[PDB]
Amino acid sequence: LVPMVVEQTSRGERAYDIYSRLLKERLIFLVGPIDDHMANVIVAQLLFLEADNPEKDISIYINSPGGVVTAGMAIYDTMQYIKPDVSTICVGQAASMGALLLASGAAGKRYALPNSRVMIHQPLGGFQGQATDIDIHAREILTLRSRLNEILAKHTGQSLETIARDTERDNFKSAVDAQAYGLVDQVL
């Protein structure tokens, strides 16, 4: 059950579920496993907010264990393409594609709360075909892995060699260690 609120607008009073009410504040929630359904809803929200004001910052709250790589890339490309800066805030956790999106927020505007944790490692499951008739072949997996490593090296400032070595490890960084690595700019 998602609670509702009633807010005054220029057009009169209107009812909102809590997430649509926070969308009016240019806040978007990326929560749970990443897949096409939820990634396309986030793409839709980013496009809508850009249409509403292309200059004002947008915030994505991230609490996600990661998930499907191409779904996460659709969010990534949309974040980069729209005119507004997209600020990222990790609460709870960001892993795999969740961590990649966190680290890809606008420079200076990536944040983690004190007890959140960040894991860059990309499990095989995120790369496999999600539809019954799609088999994702080894070379394409290797291309995607290098692509993700290059994106991380670029946004963190780490070298490519460093990202590719560290992404093999299946462990979490604390918010402070994630800030030190360049995955976020500030622990709030």
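So that there is no doubt, residue numbering starts at 1 and follows the sequence shown.
Output the stretch having the higher mean C-alpha B factor in the entry; the candidates are 39-47 and 155-163. Result of the comparison: 155-163.
Q | Stretch with the greater mean C-alpha B-factor as recorded in the entry, comparing 164-172 against 9-17 | A | Going by the record's values, the stretch with the higher mean is 9-17.
- Per the coordinate record, which of the options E150, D57, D133, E140 holds the highest CA temperature factor? Within the set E150, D57, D133, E140, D133 shows the top C-alpha B-factor.
Comparing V184 with the other modelled residues of its chain, is its CA B-factor in the lowest, middle or highest third?
It falls in the middle third of the chain.
Considering every modelled residue of the chain and its Cα B-factor in the PDB entry, is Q80 in the lowest, middle or highest third?
Lowest third of the chain for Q80's C-alpha B-factor.
query = Among the modelled residues of its chain, does the C-alpha B-factor of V86 lie in the lowest, middle or highest third?
reply = CA B-factor rank for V86: middle third.
Could you place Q93 in the lowest, middle or highest third of its chain by Cα temperature factor, using the values in the record?
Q93: CA B-factor falls in the lowest third of its chain.
Ranking every modelled residue in this chain by its Cα temperature factor as given in the entry, which third contains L101? Tercile = lowest for this residue's CA B-factor.
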